[PDB]
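Chains as they are written, first to last, in the entry's author numbering: chain A, 1151 to 1165, 1235 to 1238; chain B, 1151 to 1165, 1235 to 1503; chain C, 56 to 531; chain D, 444 to 531. Note that CB positions come from ideal geometry on N, CA and C, so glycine has one too. Single-structure report; data block below.
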Amino acid sequence: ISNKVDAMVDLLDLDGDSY
Amino acid sequence: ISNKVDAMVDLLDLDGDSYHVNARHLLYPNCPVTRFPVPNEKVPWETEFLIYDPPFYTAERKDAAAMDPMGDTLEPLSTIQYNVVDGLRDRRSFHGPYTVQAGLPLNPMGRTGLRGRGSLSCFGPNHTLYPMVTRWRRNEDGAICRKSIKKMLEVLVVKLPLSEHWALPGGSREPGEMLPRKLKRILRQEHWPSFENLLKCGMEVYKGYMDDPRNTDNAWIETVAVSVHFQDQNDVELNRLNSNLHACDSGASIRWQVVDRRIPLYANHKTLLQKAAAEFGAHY
Amino acid sequence: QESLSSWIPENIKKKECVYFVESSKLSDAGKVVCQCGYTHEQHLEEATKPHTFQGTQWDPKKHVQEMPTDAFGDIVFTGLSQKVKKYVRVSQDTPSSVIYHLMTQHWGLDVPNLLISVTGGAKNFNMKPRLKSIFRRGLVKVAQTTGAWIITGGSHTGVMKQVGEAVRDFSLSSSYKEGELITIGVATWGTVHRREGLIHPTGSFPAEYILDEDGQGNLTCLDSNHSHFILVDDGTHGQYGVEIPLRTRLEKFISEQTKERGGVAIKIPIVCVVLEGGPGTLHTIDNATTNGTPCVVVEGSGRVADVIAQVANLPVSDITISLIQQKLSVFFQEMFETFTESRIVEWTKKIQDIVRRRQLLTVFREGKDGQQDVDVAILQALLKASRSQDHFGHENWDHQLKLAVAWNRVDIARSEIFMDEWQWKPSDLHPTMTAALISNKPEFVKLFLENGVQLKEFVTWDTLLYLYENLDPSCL
Amino acid sequence: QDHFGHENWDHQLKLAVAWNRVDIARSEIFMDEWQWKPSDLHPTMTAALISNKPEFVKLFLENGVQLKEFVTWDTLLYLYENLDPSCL
């Protein structure tokens, strides 16, 4: 559960030439 | 887990020109009266402002001996020369020729909301002198201090006992050259006063009318800004400035000070200092 | 202790002038200066003489002398912490090798798997909070997990002081192996504030050092967060630039030495990240990236940085000097105009050249795209660089893999090394598998099993004999 | 409010700890722009202890006040003058 909810936390706070 | 989920709950439910402000300042000092409201739009004479009704404010000692008896200058006594020295009062502004309003001057900057004499002695301009002494700020090894990028200066300020404000040593230009002898009325020395008077020869900064609480629409205040500077910090000039240690006559306190946008000082004197440091490239 | 204590003067020299003829112009009361004015009536430490030669303008070739240094030892930031730090004063002309040798042997430093040479603007400034956070986070993390040295200047200003704050932040955490993050300071001995405090022969092992922010003129002080401090010197006090000619020599010499663990052996890789910086920083950036050594830049809070962050997308030859003119003008805004027209065309040349090498560089694009984490970015950066290097065959996949496992992290390889486009054959991993075991790294084992290495086909006799030669020496 | 020096940081801090909450000071008083010196907290640290406020103690430790450099003799004599009067 913990590892899963952390993902929610992360998502929720995140959103020429030729010379 | 609980503390973490609460954060989810919280997030989920949540988603100007140069004006004489000290002159327009309500509640003229010590005069238990009020000056007229004069907004930024209608502050100058040239603007359409008909409601204007400034009450005459002349202190009981403003029209006193040796002062302009102009406290009720509607009388013919206000026949003194304007923009021209009428004897003892060189009634003339550095700003320029000030317009006359029925033998009365008008503040050359705009309306002040206060008619009458007030606390200024002579009408129109009232000149004085605020000198300026400046010295760098050296370290223990002899190098000059530095700001983040700019540098540090040291300026001395004299305390006044009943001021609630440290003030630059500037005195009323009652004499011609002894205006700092009004500033140093009890500060420098008796004879060495004349010495510093010779030393008063310096570099000028700015002249003209400045903001102040005691400007009516009639009498305003101008002054002089000379700048003596201590470039090096080990010379006999500075040793003489120390040799001016005869301040024990009527002073509150005297001490150098570093320039700071919040240096405890009189109001406009700070703007003066800002001009002073601007003339050198220091910090602020 | 005394071994190195004697070794240093036995090995290193420090510079000092032997020609005493006063400077031309006077310093801040420093009229007692023979053009350098360290400490004498002249720039003299011996008999204040013209070195038997009244030859004016006696160059450092005709003035300075290198001699064993009385300015080494251990140090401690007095009144700042309890940890100690290593320092040493070093002449200008010194073989890079002997420095490396001191570092590894006499200082007990393990050959690191990564060499982050960070640079930026000596100026002080700030940035957005989110960017600063992710930056310090990813930087310290990736520096620790791979056991990477970290090399930069040491003064208490600029991004050097910024990363100093970063490493000190981790040492505030310092969950375990607080000595993990090792940082070395590369500054110029001429520009030191209270430097006399350690000038002492035969070692000054407990070395107190005062400090004073703004309590100094042009000469600076040290940042108080690095782990080691080398001091380069030419024999001059108020001068700059005595550092770079060696720093380049040094980091280059490290990009050559090889590491060999397990059975694998590789050459150490070196990538440089740069911050706000300025013109000279641009000069060094190009002068490096023309030498394979790739670069990564942060998109945000950078004068010379963000401009390149912007031009990242513009194809080559589409960058007119006028675009640049207004760009630098809107960006500098204090020196925006002091640039001669005889240099802005130089800058067009440089920037267009840099963006031409479309591989050795990398934007960051803070937040929007690909901004997973700073580390993984640096990894892909150095990795793509290695890949672009010319080759004959597919042993380049071998090289990518040997690396990804040299550094401990595995996520990389399983993410991309084994994605596709190689069509390798499992019998082409046994050297790696070997090193995977001897080093006790189970994850990679599970990996090559998932990609089908056949134990029975693998654990042959000789290989077995091998594995029984390199058991961990501590085991009973 | 006008000032001469940096004892204004002293004033902000003396306040932020006069009121019990700490979040303020750690948020901004110690952000930057002062470059204080840890030997310039001992008056505060004193009051932090006598009043039994551990959080601020942890704080000034994080910003490195050196106990050994700190708990001198006289200060010690002090702290033994203002123990909580109720204690046996």
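Margin query: According to DSSP, is residue 1349(B) part of a helix, a strand, or is it coil?
Written below: If DSSP states are grouped into helix, strand and coil, residue 1349(B) belongs with coil.
Note to self: Contact criterion: CB-CB distance below 8 angstroms. Does residue 1163(A) meet it with respect to chain C?
What the structure shows: False, the Cβ-Cβ gap to chain C never drops below 8 angstroms.
Item checked: C-beta contact flag for residue 1342(B) and residue 1471(B) at 8 angstroms -> No, Cβ-Cβ distance for residue 1342(B) and residue 1471(B) is not below 8 angstroms.
Item checked: 8 angstroms Cβ cut-off: residues of chain D touching residue 268(C) -> For the C-beta of residue 268(C), the chain D residues within less than 8 angstroms are, from N- to C-terminus, 478.
Check: Cβ of residue 505(D) less than 8 angstroms from any chain C Cβ?
Finding: Among the CB atoms of chain C, one or more fall inside 8 angstroms of the CB of residue 505(D).
Notebook entry, point to check: Would residue 1458(B) be called buried (16 or more neighbouring beta carbons within 10 Å of its own) or exposed?
Noted result: By the beta-carbon neighbour count (other beta carbons within 10 angstroms, threshold 16), residue 1458(B) is exposed.
Next item on the list: Pick out whichever of 339(C), 399(C) and 188(C) has its Cα sitting closest to the Cα of residue 379(C).
Entry: Per the Cα distances, 399(C).
Check: Going along chain D in order, which residues have a C-beta closer than 8 angstroms to the C-beta of residue 136(C)?
Finding: Per Cβ cutoff of 8 angstroms: 507.
Item checked: Opening and closing residue of the alpha helix (DSSP H) in which residue 491(C) lies -> Per DSSP, residue 491(C) belongs to the alpha helix (DSSP H) from 485–493.
Item checked: Assigned secondary structure, residue 1475(B) (DSSP; H/G/I helix, E/B strand, else coil) -> Three-state DSSP puts residue 1475(B) in a strand.
Notebook entry, point to check: Taking the alpha helix (DSSP H) that residue 504(D) falls in, what are its first and last residues?
Noted result: Counting along the chain, the unbroken alpha helix (DSSP H) around residue 504(D) starts and ends at 497–505.
Next item on the list: Quick one: give me the first and last residue of the beta strand (DSSP E) that residue 120(C) is part of.
Entry: 119–123 is the extent of the beta strand (DSSP E) around residue 120(C).
Notebook entry, point to check: Given that a residue counts as buried once 16 or more other Cβ atoms are within 10 Å of its Cβ, and exposed if not, what is residue 1270(B)?
Noted result: Label assigned to residue 1270(B): exposed.
Next item on the list: Report buried or exposed for residue 553(C), applying the criterion of at least 16 other Cβ atoms within 10 angstroms of its Cβ.
Entry: Missing from the structure shown is residue 553(C); chain C here goes from 56 to 531 and no further.
Next item on the list: Mind checking which residues open and close the beta strand (DSSP E) that includes residue 1372(B)?
Entry: Looking at the DSSP string, the run of the beta strand (DSSP E) that includes residue 1372(B) is 1372–1378.
Notebook entry, point to check: Are the C-beta atoms of residue 272(C) and some chain E residue less than 8 angstroms apart?
Noted result: In summary, chain E is missing from the structure at hand, where the protein chains are A, B, C and D.
Notebook entry, point to check: If you scan the region 116–173 of chain C from start to end, which runs of the beta strand (DSSP E) of 3 or more residues do you find wholly inside it?
Noted result: 119–123, 127–132, 140–146 and 170–172, all fully within the region 116–173 of chain C.
Next item on the list: Using a Cβ cut-off of 7 angstroms, pull out every chain B residue sitting near residue 177(C), in sequence order please.
Entry: The contacting residues do not exist; residue 177(C) stays about 12 angstroms from chain B at best.
Note to self: Is there a C-beta anywhere in chain A that falls below 8 angstroms from the one on residue 184(C)?
What the structure shows: No, no contact with chain A.
Notebook entry, point to check: Which two residues bound the contiguous beta strand (DSSP E) that contains residue 1276(B)?
Noted result: Element bounds for residue 1276(B): 1275–1277.
Item checked: Any C-beta of chain A under 8 angstroms from that of residue 1155(B) -> With 8 angstroms as the cut-off, residue 1155(B) counts as an interface residue toward chain A.
Margin query: With three or more beta-carbon pairs closer than 8 angstroms as the criterion, would you say the region 445–452 of chain C touches the region 381–398 of chain C?
Written below: Touching, no.
Notebook entry, point to check: Is DSSP giving residue 469(C) helix, strand or coil here?
Noted result: Three-state result, residue 469(C): helix.
Item checked: Closest residue to residue 243(C) among 237(C), 185(C), 289(C) and 255(C) (Cα-Cα distance) -> That would be 289(C), whose Cα lies nearest to the Cα of residue 243(C).
Notebook entry, point to check: Between residue 1237(B) and residue 276(C), what straight-line distance do the alpha-carbon atoms span, to the nearest angstrom?
Noted result: Cα-Cα distance, rounded: 44 angstroms.
Next item on the list: Name the two residues that bound the continuous beta strand (DSSP E) containing residue 284(C).
Entry: From DSSP, the beta strand (DSSP E) with residue 284(C) extends over 283–288.
Notebook entry, point to check: Nearest to residue 353(C) by alpha carbon, out of 529(C), 385(C), 219(C) and 331(C)?
Noted result: For residue 353(C), the nearest C-alpha among the options comes from 331(C).
Next item on the list: Can you give me the Cβ contacts of residue 235(C) inside the same chain, cut-off strictly under 7 angstroms, excluding the 5 residues immediately before and after it?
Entry: Cβ-Cβ distances below 7 angstroms link residue 235(C) to 199 in the same chain, with the five nearest sequence neighbours on each side left out; the list follows chain order.
Next item on the list: At 4 residues or longer, and completely inside the region 1252–1321 of chain B: list those alpha helix (DSSP H) runs for me, N to C.
Entry: Fully enclosed alpha helix (DSSP H) runs of 4 or longer: not present.
Next item on the list: Starting from residue 206(C), trace the beta strand (DSSP E) both ways and give me its first and last residue.
Entry: From DSSP, the beta strand (DSSP E) with residue 206(C) extends over 204–207.
Check: Going along the chain, which residues of its own chain have a beta-carbon closer than 6 angstroms to the beta-carbon of residue 75(C), five neighbours each way excluded?
Finding: The beta carbon of residue 75(C) sits closer than 6 angstroms to the beta carbons of 89, 97, 99, 103 and 104 from its chain, once the five residues preceding and following it are set aside; these are given in chain order.
Check: Is the CB-CB distance between residue 297(C) and residue 112(C) below 8 angstroms?
Finding: Contact flag unset, no.
Note to self: Using a Cβ-Cβ distance cut-off of 8 angstroms, determine whether residue 277(C) contacts chain D.
What the structure shows: Output row for residue 277(C): interface = no.
Check: What's the C-alpha gap between residue 1262(B) and residue 1329(B)?
Finding: Distance between the alpha carbons of residue 1262(B) and residue 1329(B) is about 5 angstroms.
Check: For the beta strand (DSSP E) that contains residue 219(C), what are its first and last residues?
Finding: For residue 219(C), there is no enclosing beta strand (DSSP E); the enclosing alpha helix (DSSP H) covers residues 213–228.
Check: Taking a cut of 7 angstroms between CB atoms, which residues from the region 60–87 of chain C lie near chain B?
Finding: The residues in question are 83 and 84.
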